[PDB]
Amino acid sequence: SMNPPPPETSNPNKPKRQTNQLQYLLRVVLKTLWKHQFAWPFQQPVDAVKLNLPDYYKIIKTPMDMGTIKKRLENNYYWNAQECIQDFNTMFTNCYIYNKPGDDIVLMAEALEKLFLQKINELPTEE
Ligand SMILES: Cc1sc2c(c1C)[C@@H](c1ccc(Cl)cc1)N[C@@H](CC(=O)NC[C@]13C[C@H]4C[C@H](C[C@H](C4)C1)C3)c1nnc(C)n1-2
């Protein structure tokens with residue numbers, strides 16, 4: 001069995017900038033979800049080899065995890081907040097697509113997604 005390479009977190013060809021919205025996404029949103037008791041399955045790519053999930057990367061074609069998001073934010077990989085918000089929504093969506101309702105990992109994603117929603121509701125206006 002083999003894992004795919006992870007999503008890129010560095011690419012000099014990609015336009016990027018610092019925004020106050022991206023600063024919020026690191027200092028408030030990522031920091032809140034990372035420290036949560038349910039963060040740990042989401043803090044690095046799914047290891048489909050060690051978890052014995054040989055179908056995972058047949059069903060999940062756009063993988064994403066908060067380890068990737070954290071490096072993207074710390075490396076200033078994004079152009080705008082919408083790109084980073086899309087990564088969070090991909091991560092949650094992938095968990096719901098692969099798993100079934102009421103599975104423990106779905107309850108964990110739901111608890112993280114509720115905090116995510118509460119924090120991005122107060123995303124600051126761009127300066
Ligand atoms: C490190 C990761 S990543 C990750 C899991 C783990 C352990 C993780 C997980 C699981 C439980 C907790 Cl508390 C927590 C997490 N889940 C995986 C998906 C997965 O293994 N599915 C297989 C089954 C796991 C269980 C339940 C069903 C019946 C049995 C036993 C097999 C399905 C997964 N998906 N998305 C992500 C992200 N994960």
Side-chain angles (χ1 to χ4, degrees):
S1 308
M2 275 167 266
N3 292 309
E8 59 171 43
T9 54
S10 275
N11 181 351
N13 281 334
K14 177 172 180 320
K16 53 201 52 105
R17 64 184 181 159
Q18 276 177 64
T19 74
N20 67 308
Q21 297 185 328
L22 282 164
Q23 276 154 4
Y24 177 97
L25 279 160
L26 180 56
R27 182 67 191 79
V28 174
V29 181
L30 185 284
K31 255 38 168 301
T32 294
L33 268 65
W34 189 274
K35 75 188 191 184
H36 190 277
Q37 60 177 354
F38 297 162
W40 63 270
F42 304 102
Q43 283 176 331
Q44 54 289 305
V46 169
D47 186 341
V49 180
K50 289 300 213 194
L51 299 173
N52 184 30
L53 305 172
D55 69 343
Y56 186 81
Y57 290 110
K58 295 298 158 189
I59 295 158
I60 302 304
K61 294 305 204 197
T62 304
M64 185 56 53
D65 66 280
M66 291 199 299
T68 298
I69 296 170
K70 185 175 187 280
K71 285 165 172 200
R72 290 178 172 194
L73 286 165
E74 287 168 343
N75 291 350
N76 306 292
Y77 176 85
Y78 296 116
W79 182 261
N80 60 37
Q82 190 41 56
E83 289 179 345
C84 179
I85 293 165
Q86 179 58 76
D87 284 345
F88 280 106
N89 280 139
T90 291
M91 177 184 77
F92 297 120
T93 295
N94 290 338
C95 185
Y96 305 137
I97 287 171
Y98 185 73
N99 297 287
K100 57 175 201 301
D103 281 345
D104 276 339
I105 191 62
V106 172
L107 299 180
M108 295 169 90
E110 285 172 351
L112 290 170
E113 189 183 15
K114 177 179 175 184
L115 283 165
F116 174 74
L117 288 164
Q118 289 173 311
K119 301 305 182 178
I120 66 169
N121 182 54
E122 296 198 65
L123 187 71
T125 74
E126 195 163 17
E127 293 203 305

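All ligand and atom numbering here is 1-based and tracks the order in the structure. In this chain, numbering begins with 1 at the start of the sequence shown.
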*Aromatic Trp34 / basic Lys70 pairing, under 6.0 angstrom, 45° off normal*: yes
*Apply salt bridge (charged side-chain N to carboxylate O under 4.0 Å, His left out) to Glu110 and list each qualifying residue two or more places apart in sequence or on a separate chain.*
none
*Under 3.5 Å, is there a donor-acceptor pair linking the side chains of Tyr78 and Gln18?*
no
*May I ask you to check whether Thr90 and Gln86 show a side-chain donor-acceptor distance below 3.5 Å?*
yes
Can you list every pair where an N/O of ligand 1 is under 3.5 Å from an N/O on the protein?
{"from": "ligand 1", "atom 1": "34 (N)", "to": "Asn99", "atom 2": "ND2", "distance (Å)": "3.1"}

*With sequence neighbours left out, write down each residue that passes ring-ring contact (aromatic ring centres under 6.0 Å, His included) with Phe92, or none if nothing qualifies.*
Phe116
_Run the ring-ring contact (aromatic ring centres under 6.0 Å, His included) test against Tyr98 and tell me which residues pass, sequence neighbours left out._
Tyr56
